[PDB]
Amino acid sequence: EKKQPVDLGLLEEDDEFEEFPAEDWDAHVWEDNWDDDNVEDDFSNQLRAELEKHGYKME
Amino acid sequence: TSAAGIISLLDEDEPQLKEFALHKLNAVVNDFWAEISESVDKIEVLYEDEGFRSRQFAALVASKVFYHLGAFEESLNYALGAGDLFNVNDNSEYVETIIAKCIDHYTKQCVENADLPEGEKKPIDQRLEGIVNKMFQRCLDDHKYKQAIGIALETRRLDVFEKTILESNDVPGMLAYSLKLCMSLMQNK
Amino acid sequence: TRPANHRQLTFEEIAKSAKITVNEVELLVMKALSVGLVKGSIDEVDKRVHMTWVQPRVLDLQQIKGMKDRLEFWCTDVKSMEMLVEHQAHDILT
Amino acid sequence: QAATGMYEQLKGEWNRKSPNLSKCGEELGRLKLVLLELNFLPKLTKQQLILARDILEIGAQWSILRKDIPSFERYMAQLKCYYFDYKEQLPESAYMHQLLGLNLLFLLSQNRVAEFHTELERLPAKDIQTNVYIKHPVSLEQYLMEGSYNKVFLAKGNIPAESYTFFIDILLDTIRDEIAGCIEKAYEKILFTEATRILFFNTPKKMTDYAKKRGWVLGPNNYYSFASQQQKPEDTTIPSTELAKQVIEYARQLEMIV
Amino acid sequence: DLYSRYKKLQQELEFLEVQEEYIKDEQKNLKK
Amino acid sequence: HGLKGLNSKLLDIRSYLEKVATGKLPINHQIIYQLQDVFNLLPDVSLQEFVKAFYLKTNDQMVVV
Amino acid sequence: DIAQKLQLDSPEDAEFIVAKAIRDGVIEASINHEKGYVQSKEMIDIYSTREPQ
Amino acid sequence: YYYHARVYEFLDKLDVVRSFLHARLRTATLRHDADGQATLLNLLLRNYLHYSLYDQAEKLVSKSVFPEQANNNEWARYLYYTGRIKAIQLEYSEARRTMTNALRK
Amino acid sequence: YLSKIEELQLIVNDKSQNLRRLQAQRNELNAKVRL
C-alpha cells in the first residue's frame, strides 16, 4: 500500500521543490494559529505615535 | 488527433463532405467520439436525413459513441439502422459487444412476445431477429447447438430448434441434453 | 369587520366611526374592555388600539358560508400536511 | 483557388469575400478530404497544410463581418490542429495571434464563461509572455470579474484591432445592462448627468432612451428605481415543510441508521 | 457446458434472493 | 395519528354548517359563537415577532442536536 | 477615499466596482451619488438563524 | 501501464499510446476488472492534463462511471485530477470536495 | 464469447454471498441472544 502511495506520488511529480523540501526534512506548533502577518508595528506605531504626536507637537 | 475539424465538417454542407466527414469520422470515431459526443444531437438529425444516404454511418458511428457512452438500445437501434456500416463478421469487441448487447434485447422481447403468443411474427425488429438468427446461423455454424438451443430455449423458436442439427449428427446427444434440461428449466411447460 | 389579521385602529378612526371627539376614545376603549367585550391594549404614543380579540355574537345564513369556506381551507392544510409527512418517514410507521 | 482567397481578403471587400467563399467550398470539400483531419501530425505534405491554414483563415476573417460566427468556430475548431500541432513553421501565421484573441472575445460576447475559461486552460501557452495581444480578451474578462471603467477602456483600445468593433458594440451593451441591473438595486435616485457618467454615454438623450427601454420612471433629470426591496419571505414555506422532512430525514438518518 | 452451468446459476442468483430477502426476516422477527 | 384526527373534526364541523344552511339548520347560535372563537384564537402571523421566536428556538435545538 | 485606499484611477471606476459588490450580497449598502459616499447596511441580520441551522 | 505512460515523452506516447489505453479501457470495462480500469482512466486523464484539454477530459468524465474495489492511492489520483479540471472550468465549490477526498483517501 | 463471458457478469454476483455472510453472523448473533 505504501509502495502504491509512493508510486502515485512519483507520478504526480518528482519533484524539484518537493525534493528540496524532503532533503530539508521538526519543531512544534504550540496551540492554535492565525493570523500572524507582519511585525515591527507597535513600536513603529509609537515611534510614529511620538512622530505623529511629535508631528502634532510640530502641529 | 482531435475531432474539431470533423466536429466542424459535420454541420458543413455537401453531403459528400458529410459522408467523407462521417467516413473519416467513422474510422477515427473510436477515440474521438468523446469530443464528438456533443455533436450527437446533429448526428441524430443526420440520421433523420433520408437525403443524406450514408447516415447509417453516423447511426453506427453514434452507436460507437453510445457504447462509448454506454448507450445501447440507442447504439443497437442505430447499429440496427446501419445494417451496412454494421455487420456480424465485422470483429470488434464493440461489434461483438453491441451484437451481444443487441442480442439480449431480443430475448425478453421474444419472451414478452412468447408471453402472449409464441412462434413466427414481425413484432420483433426483424433486423435483430435476422442478426439473432444470423448468429444462430453462426451458432449453427458453431454447430454446438445448446449454444444455439439455450438461446432458442429462451428464443422459444422451435423453427430454429427445428431439426437441422437432428439430421446433421449426434444421434444420441442433442435432445435429452436439452430435454432433461428443459424439464429443469422452462417456466412455461 | 376589520379582520382577520388586521385589527388595529387609530384614535381618529374610532372618533369618526363613533362621532366621539378624541379624548374619550380611550375611555370608550377601556370601558369596552372592562365589560369583557374586547381584549387588547392601547398604545397612546402612536395612538393605536391592538384588539387581541372581540366577543362574537351571531349571524345569518350567508355569514356561515365564509365559515364553511374557511374550514375548507384549513382542511386542505391537513390533508396536504398529514399526507405529505408519511413519505419521508415511511420507514417509521406502526 | 489558392490565390483566390488572397485576392478575396487582399481585395478588401468581404461581400466579395463572402460570395467568393461558396465556390471555394467545393475544392475545400476535396481538399477537405485531403488537408482535412491532419492527424498524421506531420515537404510534399507541407504545402497541403501551408495553403489549407490560410484557406480556413480567410474563412474565419470573412466569417466575422458576415455574422457567420459559429461557423468559423468550426473553422477555428478545424484550425486547432494547425497552430497547436507539433511544429514551428506550421503554427506561425500572425492570423493566429489576432484570430485566437478574436475567438476568446467571441466567447465573451456570447456570455459563455465556462467555454471561455476552458479555452484559457487549453491555450495554456507556457512560453507566453504576459499576454501580448491576447491580454485584450483576458484582461477584458478579468476586469468585468468586477469593475467596468477599466473594461470600457479596453473597448476603446481594440481599434488597434479588427471587426470585433461589432463585438465591441455587443459587449458595450452587454456591460451597460449590468451596471443598470446593478444600479437598479444600488440606490433609487440619480441625476441624469450622473447616469450619463455611469453608462458611458456621450449624449444626454441616449439616457432616457435607455431608461424608457428600461422602463425607468424619470422625474426632471432625476430617476427613481422603486420599489426598493420586499424584504419579505420571513420564512413560512420552507421553514417547517422542509425541516420536518429534514427532521424526518434526520430522524431517518436516525432511523435508517439501523 | 454453459447451457448446464450458465443456466444452472440463475438458481443460485435466486438462492442469494431466496435467502437475501429472507435473511432480513430473521433480523426483523428476532428484534421483536 | 393526531393530524388524521384533526382533519376529521374539521370535516364534521364543515358539512354540519352546510346542514345548517341546508339540513334545516335551527340556529345553535351557541355553536357559531364557538367557531368564531376558534378563528379568533387562530395564530396568525409570520409576524416579525414570531419569525424571530421560532428562529431563536430552533437554533437552541440545533446546538443540542 | 475608497479610490485612494484601493489605489484605483477614478471614482467612476469605484462605483462600478462597489455597485458590483453590492449585487453580490457582500456589502449590503447603498450609494449616495451626488455626494458620492457609500453608506452601509446593518446586521439586523444578526441572528439569521437560517445560516447556523 | 503505470510505468508505460510514465517514461514516455510525446505524440507516439501521448497519442499512439493513448489510443491503446482507451481501447482496452473499453475492453477491460466490459471485462469488469475494477483496478486496471481506474488506473487506465487515470493515465489518460493525466494525458489530457499534460495536454491542455480540460473539456475533452470533462466530457470524458460525463460519460464515465467509476468502479468500486479500488486502491485508495488510485482513488485519490482520480479525485485529484477530477477536482482540478472541475476547478479550471470555474466551478470551485465541487472542486474543494474532490480534492478534500484526495487528502483523505 | 457471446454467452461465454456472460457467466462472468453473473458469476461476480458472489458479492451477495458475503453480505448474507455478514448476515449469518449478524443473524446468528441474535439467535444466541434470543436463545
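Readers should treat all values here as calculations from the given coordinates under stated rules, not as data from a laboratory. Cβ coordinates were reconstructed from backbone atoms using ideal geometry, including for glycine residues, and neighbour counts include every protein chain displayed.
Where the second residue is of a type outside the set (A, V, I, L, M, F, W, C) and the first is surrounded by 11 or more Cβ atoms within 10 Å (Cβ to Cβ) and lies in region B:163-185, which pairs have Cβ atoms under 6 Å and are six or more apart or on separate chains?
Taking only residues 6 or more apart or on different chains, the pairs are B:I165/B:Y145.
Go through (1) within 20 Å of G:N32 (Cβ to Cβ); (2) of a type in the set (G, A, S); (3) in a loop (DSSP other than H, G, I, E, B) for D:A180 and report which single condition fails.
D:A180 satisfies every listed condition except (3).
Quick check: anything in region B:162-178 part of a helix (DSSP H, G or I), within 13 Å of chain E (Cβ to nearest Cβ) and not small (G, A, S)? Break it down stepwise before answering.
First pass over region B:162-178, keeping only residues part of a helix (DSSP H, G or I): B:164-168, B:176-178.
Restricting the remaining residues to those that are within 13 Å of chain E (Cβ to nearest Cβ) gives B:176-178.
Next cut, not small (G, A, S) only: B:177.
Taking every residue of region B:162-178 in turn, at least one turns out to be part of a helix (DSSP H, G or I), within 13 Å of chain E (Cβ to nearest Cβ) and not small (G, A, S).
If a residue must be within 19 Å of F:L42 (Cα to Cα) and of a type in the set (D, E, K, R), how many such residues does region C:1-47 contain? Walk me through it before giving the result.
Of region C:1-47, the ones within 19 Å of F:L42 (Cα to Cα) are C:1-8, C:37-41.
Next cut, of a type in the set (D, E, K, R) only: C:2, C:7, C:39.
Residues flagged as within 19 Å of F:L42 (Cα to Cα) and of a type in the set (D, E, K, R) within region C:1-47 amount to 3.
Can you name the residue in region B:1-32 that is among the polar types (S, T, N, Q) and over 18 Å from D:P42 (Cβ atoms) and is also farthest from the other protein chains (Cβ to nearest Cβ) among such residues? Can you show your working first?
Filtering region B:1-32 for residues among the polar types (S, T, N, Q) gives B:1-2, B:8, B:16, B:26, B:30.
Remaining after also requiring over 18 Å from D:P42 (Cβ atoms): B:8, B:16, B:26, B:30.
Details: B:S8: 3, B:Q16: 6, B:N26: 12, B:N30: 8 Å.
Taking the candidates together, the pick is B:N26.
Tally up the residues in region D:124-170 that are away from chain G (no Cβ under 14 Å) and part of a loop (DSSP other than H, G, I, E, B), please.
Result for region D:124-170: 17.
So which residues in region G:26-53 are more than 10 Å from every other protein chain (Cβ to nearest Cβ) and of a type in the set (G, A, S), if there are any at all?
G:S40
Of all residues in region F:12-55, which are over 18 Å from C:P56 (Cβ atoms), at the interface with another protein chain (Cβ under 9 Å from one of its Cβ atoms) and not in a helix (DSSP H, G or I)?
F:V45, F:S46, F:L47, F:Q48
Which of (1) within 14 Å of another protein chain (Cβ to nearest Cβ); (2) surrounded by fewer than 21 Cβ atoms within 10 Å (Cβ to Cβ); (3) on the phi < 0 side of the Ramachandran plot does D:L41 not meet, given it meets every other one?
Checking D:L41 against (1) within 14 Å of another protein chain (Cβ to nearest Cβ); (2) surrounded by fewer than 21 Cβ atoms within 10 Å (Cβ to Cβ); (3) on the phi < 0 side of the Ramachandran plot, the one that fails is (3).
For region B:75-116, enumerate the residues that are under 21 Å from B:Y47 (Cα atoms), assigned to a helix (DSSP H, G or I) and of a type in the set (A, V, I, L, M, F, W, C).
B:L76, B:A79, B:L80, B:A82, B:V95, B:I98, B:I99, B:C102
From (1) closer than 24 Å to C:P3 by Cβ; (2) assigned to a helix (DSSP H, G or I), pick out the condition that doesn't hold for F:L3.
Answer for F:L3: the failing condition is (1).
Select the helices (runs of 4 or more DSSP H) contained entirely in region H:20-98, then report the ones holding at least 2 residues which are within 14 Å of chain A (Cβ to nearest Cβ) and over 26 Å from I:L10 (Cα atoms). Talk me through it step by step, then tell me what you get.
Working: elements: H:34-50, H:55-62, H:72-88.
Once the helices (runs of 4 or more DSSP H) in region H:20-98 are filtered for at least 2 residues that are within 14 Å of chain A (Cβ to nearest Cβ) and over 26 Å from I:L10 (Cα atoms), what remains is H:34-50, H:72-88.
Give B:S37, B:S92, B:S75 a once-over and let me know the one that is farther than 16 Å from B:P15 by Cβ, buried (at least 24 other Cβ atoms within 10 Å of the Cβ) and of a type in the set (S, T, Y). Before the answer, list the steps.
Numbers: B:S37 fails: buried (at least 24 other Cβ atoms within 10 Å of the Cβ); B:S92 fails: buried (at least 24 other Cβ atoms within 10 Å of the Cβ).
Of B:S37, B:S92, B:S75, the one residue that is farther than 16 Å from B:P15 by Cβ, buried (at least 24 other Cβ atoms within 10 Å of the Cβ) and of a type in the set (S, T, Y) is B:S75.
Looking only at region C:75-85, decide whether some residue is more than 13 Å from chain F (Cβ to nearest Cβ) and surrounded by 10 or more Cβ atoms within 10 Å (Cβ to Cβ).
To start, the set of residues in region C:75-85 that are more than 13 Å from chain F (Cβ to nearest Cβ) comprises none.
The answer is no; no qualifying residue exists.
Going through A:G55, A:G9 one at a time, which residue ends up being among the small types (G, A, S) and either within 14 Å of chain H (Cβ to nearest Cβ) or in contact with a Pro (Cβ under 9 Å, 6 or more places away or on another chain) (or both)?
Working: A:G55 fails: either within 14 Å of chain H (Cβ to nearest Cβ) or in contact with a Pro (Cβ under 9 Å, 6 or more places away or on another chain) (or both).
Answer to the check: A:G9.
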